[PDB]
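The structure appears below as structure tokens.
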Amino acid sequence: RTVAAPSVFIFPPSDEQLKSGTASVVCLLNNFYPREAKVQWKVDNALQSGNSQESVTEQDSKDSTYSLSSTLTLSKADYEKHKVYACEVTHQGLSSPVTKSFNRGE
Amino acid sequence: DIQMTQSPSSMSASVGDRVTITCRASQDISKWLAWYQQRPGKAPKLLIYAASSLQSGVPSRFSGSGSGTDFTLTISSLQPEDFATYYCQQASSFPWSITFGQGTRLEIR
Amino acid sequence: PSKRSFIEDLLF
Amino acid sequence: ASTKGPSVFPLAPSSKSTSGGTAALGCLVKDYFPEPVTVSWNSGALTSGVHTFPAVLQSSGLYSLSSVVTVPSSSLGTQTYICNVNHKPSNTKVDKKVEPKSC
Amino acid sequence: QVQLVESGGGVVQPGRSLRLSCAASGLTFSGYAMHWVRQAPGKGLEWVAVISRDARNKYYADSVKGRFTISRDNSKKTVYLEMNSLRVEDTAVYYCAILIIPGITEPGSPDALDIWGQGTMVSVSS
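Laid out in structure tokens, this is it:
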């Protein structure tokens with residue numbers, strides 16, 4: 001299929017989840033090809049490991065693309081002790097690692 | 107613990123291309139190797155048995171070859187329905203064990 | 216009997 | 228592992244978006260057991276651009292899933308988007324409306 | 331046509347037991363052997379056990395030996411699998427299938443019957 005770059009979105013934790021004591025940050029990689037991709041989580045510019053899970057869709061029957069989700073799960077307390085939550089995405093269709101981020105409290 | 111080494115683990119091809127999937131046994135299984143096709147969320151479908159025979163209904167583009175340890179499933183010009191995951195089985199040890207390959211994912215390029 | 220049913224008895 | 232209905236949380240889009248472009252919204256279907264779960268958007272009317280991801284087993288033994296849909300940015304404060312989450316093993320019906328938020 | 335349907339799947343705690351059943355129809359159940367094959371989520375197929383048509387010879391995979399028992403009843407066209415001392419790694423989709431035996435050639439053979447059930451999910455979790 002034609003090489004297609006992912007459309008990357010970052011979703012901050014919902015307030016309904018935060019009141020339950022859990023903070024989930026979801027990174028969305030939409031409609032890309034090829035299937036191989038790399039997602040890196042960065043909290044306060046620090047690399048993360050062991051606190052994320054990823055899900056990959058089957059190849060679409062129409063655009064023959066792939067989609068990927070990466071969920072970073074934290075506690076409400078640990079989530080609130082940090083500001084910058086970033087998602088660095090590397091893919092064949094991108095010239096450079098694309099970073100989508102947000103600042104907690106801003 | 108008869109082992110079947112399938113290769114490649116994944117594959118990419120365009121419609122109309124020709125692809126080859128190989129299966130390697132750890133011992134002489136004669137001609138008793140079968141090839142299966144499985145689509146996501148569905149049960150496996152038998153395509154080839156006796157390493158060359160075609161199950162009733164499968165189109166001619168599905169062909170297999172090999173004897174002993176090395177076997178080769180070859181698909182001619184592909185169709186959209188052909189892009190799925192494929193496995194190789196052996197029936198030489200039929201009563202006490204039947205073993206499968208790890209599988210090959212055929213992705214549409 | 217039928218073929219397939221027959222080879223099964225021998226292999227078992 | 229304590230059969231439990233999903234907790235559906237809103238994956239809201241931002242009030243910025245790509246201005247005159249494309250935005251993303253969805254629902255987070257978290258902490259459910261056992262499989263499977265069905266997600267539909269706007270009671271089946273919205274099927275284009277919907278990507279319901281396969282579940283992932285967490286260390287808790289509970290599954291988690293996300294369903295996302297890409298929509299035009301203009302149709303953010305006007306169009307209504309509700310995800311309908313089905314978990315038959317717990318007999319659970321959840322309909323959550325994702326609304327945009329800014330901070 | 332010929333159909334195999336699996337029932338009795340669900341959830342079970344580790345260490346406990348669970349029984350599977352598979353109803354066959356559309357052909358002489360006494361004329362074929364029966365197999366159980368599972369498939370863990372995202373993994374490949376793994377043959378588990380086989381019962382002969384006369385229900386006298388049983389063979390199990392080495393992983394499930396001493397834990398799994400396979401039976402059948404030709405009067406109900408049903409094959410059973412009683413799984414005991416279950417572990418988390420046993421979580422898979424269990425297919426009740428009739429597999430192709432060796433010694434069969436001539437591509438269009440009516441004796442090369444090989445069909446599978448839709449499968450049932452067994453979740454071992456606590």
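Protein chains in written order, with our numbering: chain A, 1 to 106; chain B, 107 to 215; chain C, 216 to 227; chain D, 228 to 330; chain E, 331 to 456.
Built from N, CA and C at the ideal position, the CB exists for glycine as well.
Nearest neighbour of residue i, chosen from the options [CA to CA]
i, options, result
"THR210/B", "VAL164/B, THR175/B, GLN185/B and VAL125/B", "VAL125/B"
"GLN144/B", "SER456/E, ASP441/E, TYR425/E and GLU436/E", "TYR425/E"
"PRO114/B", "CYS194/B, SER166/B and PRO201/B", "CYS194/B"
"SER182/B", "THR175/B, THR111/B, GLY170/B and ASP176/B", "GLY170/B"
"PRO13/A", "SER96/A, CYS87/A and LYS76/A", "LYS76/A"
"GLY207/B", "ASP188/B, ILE214/B and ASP176/B", "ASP176/B"
"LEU255/D", "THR305/D, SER229/D and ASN311/D", "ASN311/D"
"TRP41/A", "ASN30/A, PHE32/A and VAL25/A", "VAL25/A"
"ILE154/B", "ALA363/E, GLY447/E, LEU429/E and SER401/E", "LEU429/E"
"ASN414/E", "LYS406/E, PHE398/E, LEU350/E and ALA427/E", "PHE398/E"
"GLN133/B", "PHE200/B, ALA119/B and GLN109/B", "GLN109/B"
"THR297/D", "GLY232/D, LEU238/D and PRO233/D", "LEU238/D"
"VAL8/A", "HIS82/A, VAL84/A, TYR79/A and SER70/A", "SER70/A"
"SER270/D", "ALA228/D, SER329/D, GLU262/D and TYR308/D", "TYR308/D"
"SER300/D", "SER242/D, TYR259/D, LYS315/D and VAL264/D", "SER242/D"
"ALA86/A", "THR2/A, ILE10/A, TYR66/A and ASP60/A", "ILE10/A"
"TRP202/B", "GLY372/E, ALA363/E, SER347/E and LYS373/E", "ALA363/E"
"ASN103/A", "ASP60/A, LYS81/A and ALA5/A", "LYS81/A"
"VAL394/E", "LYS373/E, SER355/E and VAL378/E", "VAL378/E"
"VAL325/D", "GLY248/D, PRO281/D and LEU252/D", "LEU252/D"
"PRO165/B", "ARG130/B, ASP107/B, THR205/B and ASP188/B", "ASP188/B"
"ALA5/A", "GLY21/A, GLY105/A, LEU94/A and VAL56/A", "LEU94/A"
"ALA119/B", "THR111/B, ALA190/B and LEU160/B", "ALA190/B"
"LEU273/D", "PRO281/D, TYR259/D, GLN306/D and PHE260/D", "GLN306/D"
"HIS365/E", "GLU436/E, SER401/E and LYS373/E", "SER401/E"
"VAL277/D", "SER96/A, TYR66/A and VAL39/A", "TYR66/A"
Contact with chain E by residue i, beta-carbon distance below 7 Å
i, result
"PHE227/C", "yes"
"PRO233/D", "no"
"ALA228/D", "yes"
Beta carbon proximity, residue i to chain A, threshold 7 Å
i, result
"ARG211/B", "no"
"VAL295/D", "yes"
"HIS314/D", "no"
"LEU238/D", "yes"
Residues near residue i in its chain [Cβ-Cβ closer than 7 Å; skip 5 each side]
i, result
"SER360/E", "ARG383 and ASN404"
"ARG417/E", "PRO344 and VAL454"
"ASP441/E", "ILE434"
"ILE135/B", "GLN196 and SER198"
Own chain residues within Cβ distance below 6 Å of residue i, not counting five before or after
i, result
"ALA157/B", "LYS137, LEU139, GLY170, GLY172 and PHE177"
"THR279/D", "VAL266 and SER294"
"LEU357/E", "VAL332"
"residue 50/B", "Only positions 107 to 215 of chain B appear in the structure, and residue 50/B is not among them; the question remains open."
"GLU54/A", "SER70"
"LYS151/B", "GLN143"
"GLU412/E", "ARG349 and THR399"
"residue 107/A", "As shown, chain A starts at 1 and ends at 106. That puts residue 107/A outside it, with no answer to give."
"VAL98/A", "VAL8 and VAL89"
"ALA23/A", "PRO13, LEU74, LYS76 and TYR79"
Any non-hydrogen atom of the ligand ADP closer than 6 Å to residue i Cβ
i, result
"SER220/C", "Summarising the ligand content, the structure contains no ligands, and the ligand ADP is consequently not present."
Cutoff 7 Å: residue i Cβ touching any chain D Cβ
i, result
"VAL341/E", "yes"
"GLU80/A", "no"
"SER456/E", "yes"
"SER351/E", "no"
"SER393/E", "no"
Test: residue i CB closer than 7 Å to a CB of chain B
i, result
"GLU88/A", "no"
"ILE428/E", "no"
"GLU58/A", "yes"
"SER64/A", "yes"
"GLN448/E", "yes"
Spatial neighbours of residue i in its chain, beta-carbon cut-off 8 Å, leaving aside the 5 residues before and after
i, result
"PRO186/B", "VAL121 and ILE214"
"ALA353/E", "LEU334, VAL335, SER337, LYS406, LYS407 and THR408"
"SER246/D", "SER300"
"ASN45/A", "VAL84 and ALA86"
Chain C within 7 Å of residue i, Cβ atoms only
i, result
"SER382/E", "yes"
"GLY438/E", "no"
Original post:
Which of the residues in the segment 128–145 of chain B, read from start to end, lie with their CB under 9 Å from any CB of chain E?
Top reply: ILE135, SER136, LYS137, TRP138, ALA140, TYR142 and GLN144
**OP:** Decide yes or no for the touch test of the segment 438–456 of chain E against the segment 413–425 of chain E: beta carbon pairs closer than 8 Å, at least 3 of them.
**Re:** yes
Subject >> Stretch-stretch touch, CB-based, cutoff 8 Å, three pairs: the segment 269–286 of chain D with the segment 335–352 of chain E >> reply: no
**OP:** Evaluate the contact criterion for the segment 379–399 of chain E versus the segment 438–446 of chain E: three or more CB pairs, one atom per stretch, below 8 Å.
**Re:** no
Subject >> Stretch-stretch touch, CB-based, cutoff 8 Å, three pairs: the segment 308–322 of chain D with the segment 82–96 of chain A >> reply: no
Subject >> Near-chain D residues of the segment 22–37 of chain A - C-beta to any C-beta below 7 Å >> reply: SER24, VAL26, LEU28 and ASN30
Original post:
Using a beta-carbon distance cut-off of less than 9 Å, what residues from the segment 254–268 of chain D approach chain E?
Top reply: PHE260, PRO261, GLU262 and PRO263
Original post:
What are the residues of the segment 2–22 of chain A that lie near chain D, defined by any Cβ-Cβ distance shorter than 9 Å?
Top reply: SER7, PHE9, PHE11, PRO12, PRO13, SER14, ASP15, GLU16, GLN17, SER20 and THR22
Original post:
Using a Cβ cut-off of 7 Å, which residues of the segment 188–202 of chain B contact any Cβ in chain E, in chain order?
Top reply: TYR193, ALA197, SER198, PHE200, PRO201 and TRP202
Original post:
When Cβ atoms are compared, which residues of the segment 281–295 of chain D fall closer than 7 Å to chain E?
Top reply: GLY288
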